[PDB]
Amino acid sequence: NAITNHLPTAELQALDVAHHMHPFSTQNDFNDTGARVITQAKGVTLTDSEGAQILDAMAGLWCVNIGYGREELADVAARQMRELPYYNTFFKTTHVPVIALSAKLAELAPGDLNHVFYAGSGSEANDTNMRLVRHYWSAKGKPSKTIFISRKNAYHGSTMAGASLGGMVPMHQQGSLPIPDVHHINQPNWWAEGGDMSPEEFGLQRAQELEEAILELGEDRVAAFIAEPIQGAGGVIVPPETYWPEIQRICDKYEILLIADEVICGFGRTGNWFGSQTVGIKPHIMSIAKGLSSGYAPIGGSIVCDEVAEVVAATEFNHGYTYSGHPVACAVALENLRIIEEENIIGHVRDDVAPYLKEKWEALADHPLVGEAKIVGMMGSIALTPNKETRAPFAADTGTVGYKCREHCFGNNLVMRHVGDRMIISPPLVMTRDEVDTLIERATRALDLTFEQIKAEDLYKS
C-alpha cells in the first residue's frame, strides 16, 4: 500500500506513531490520540484528513506570514529546481539566488546590518552566532569574552546551542545543558513576576539585570546579549515600555554585542520588517528564519553588522552548513519578500488588521477568565487567571487550564496554543478583518467552555 492522502486517517496515524518521532512530544501519547493529519491549506485555513476546516491563528509555527496557497513560490521553486537545484557556497563558489537574497536582506535590515551567513533554521543561525561572536572577540584580541547572556523563558532554538540560549528548564534537562558560558537573567513578564511594582518600574528593574550580570560576570568575560524583541514561545511576553530603552542604554555603555533573535519577530510580525525596529533597538546581529520564507522552504541565517563582518572576513571562518544558501530556498525566500514588500503586507498589518485585532484581542480582558490581553502587531497572548485582582496562578499544575483551553480551541476549529496558562496567537500577516472576527468568535467560545469546565471540575482557585 502506497501512503497517500487516500489512506484512512486511522491508518495514517498508525504509520505516524510507528515511525515518525514528533518534536516536543511524548510519543506514546499518539497511541491514544492519533496525530491530526493536515492535508491542505489555503489562505488562513487548514483542512485535515477528515475534511475539517481549521483557522490557523498560529500561521503554521509563527512562520506562514503571507498565508497559504501563494502559488508564486511554488512556481519560483520549480523553476529554480529545474535550472540549479543545489550548489555549494564552500568551493569559492556561489549562485545568483543567494547573491540576490543577500543584497535584499542587507537592504531590508536597518543600519549597517549588511551581511548574511546562511543556515537551515533559527537554531542553526544561533549556532552561527555563538561561533561567529566568540571568534570575533578573539580576533579583536579578547578571547576571554565568551559568555552569552540570555533570559529565563527565552527561546532561541533546539540545537545544543539553541536550547542552551533559550531559558526552558525542560530543555536544559535534556542533553547536559546549558553548554558553558551561557547565562540567563530574568524575563520582563510583569503579569506573573511583577509583584506590586508598576509595569514601568518592573521593566526598568528587569533591564537593569543586564548591567548587573555584566558587572557580576565581568565585562571581559561577556560576549553578547541575545534576546527576542518580544518573547514568542515563552507566551508572547510583551515587555513594558521601559524595558528595551534601558537594555539599549546598557548595551551602548559596555563592550557587548546585541543579538536580536528575529526568528519570530522578523518580516512583518510586529508591524515592521524587524521587531528591533518596533521596540527601538540596534542589534549587531539578527537571527532570522520562519517568516523569511513564510515557511514554504527551510532557510535561516544571521544578518551581521559591518564591523563584525569586516573583522571576521580577515580570518578563515571554519563554519557553515551543506545547505547554507540553498539556491531553491533562496529563490523561495526572495519571492516571499517581494510579495511582502510589493503588496505592502506590512502596511496591511500596520494600518489595517493589527489595529483591528488589537481592539478585539484586548477586549478579551473583559472575559472573566482573562486577566490580561497583550499584543504587538500580529503576535498576542492572554493570561488565564483565577483572580484578576491578585494576578494569581491557578492552584493546579501550571498549564492545566491552558491545556483545557487549547483543546477547546482545536475542538472549535481554531489553532490557538497554550504556554502554561497563557494562550497565544500568531496568525498570517495577510489576515483580513472578517477573519479576525472568526478568530475572536472562536477564541471567545473556547474561553467560555474553559470557564465552565474549570468551574465544574473545581480548578477555579489560587
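Sequential numbering from 1, following the sequence displayed.
Next on the checklist: Tell me which stretch, 344-352 or 291-299, has the higher mean Cα B-factor listed in the entry.
Outcome noted: Per the PDB record, 344-352.
Item to check | 447-455 versus 17-25 - which carries the larger mean C-alpha B factor in the record | outcome: So the stretch with the higher mean C-alpha B-factor is 447-455.
Checklist entry - Based on the PDB record, which member of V238, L204, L364, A224 exhibits the highest Cα temperature factor? => result Checking the PDB record, the top C-alpha B-factor among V238, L204, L364, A224 is at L364.
Next on the checklist: Given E200, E262, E246, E71, identify the residue with the highest C-alpha B factor in the PDB entry.
Outcome noted: Highest CA B-factor of the listed options: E71.
Checklist entry - Split the chain's modelled residues into thirds by Cα B-factor; is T390 in the lowest, middle or highest one? => result Highest third - that is where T390 ends up once the chain's C-alpha B-factors are sorted.
Checklist entry - Hey, what third does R79 fall into on Cα B-factor, ranked over its chain? => result Ranked within chain, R79 CA B lands in the highest tercile.
Next on the checklist: How does the C-alpha B factor of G234 compare with the rest of the chain: lowest, middle or highest third?
Outcome noted: CA B-factor rank for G234: middle third.
Next on the checklist: Ranking the modelled residues of this chain by C-alpha B-factor as given in the entry, is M431 in the lowest, middle or highest third?
Outcome noted: Middle third, going by the recorded CA B-factors of the chain.
Checklist entry - Which third of the chain holds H183 when residues are ordered by C-alpha B factor: lowest, middle or highest? => result Lowest third - that is where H183 ends up once the chain's C-alpha B-factors are sorted.
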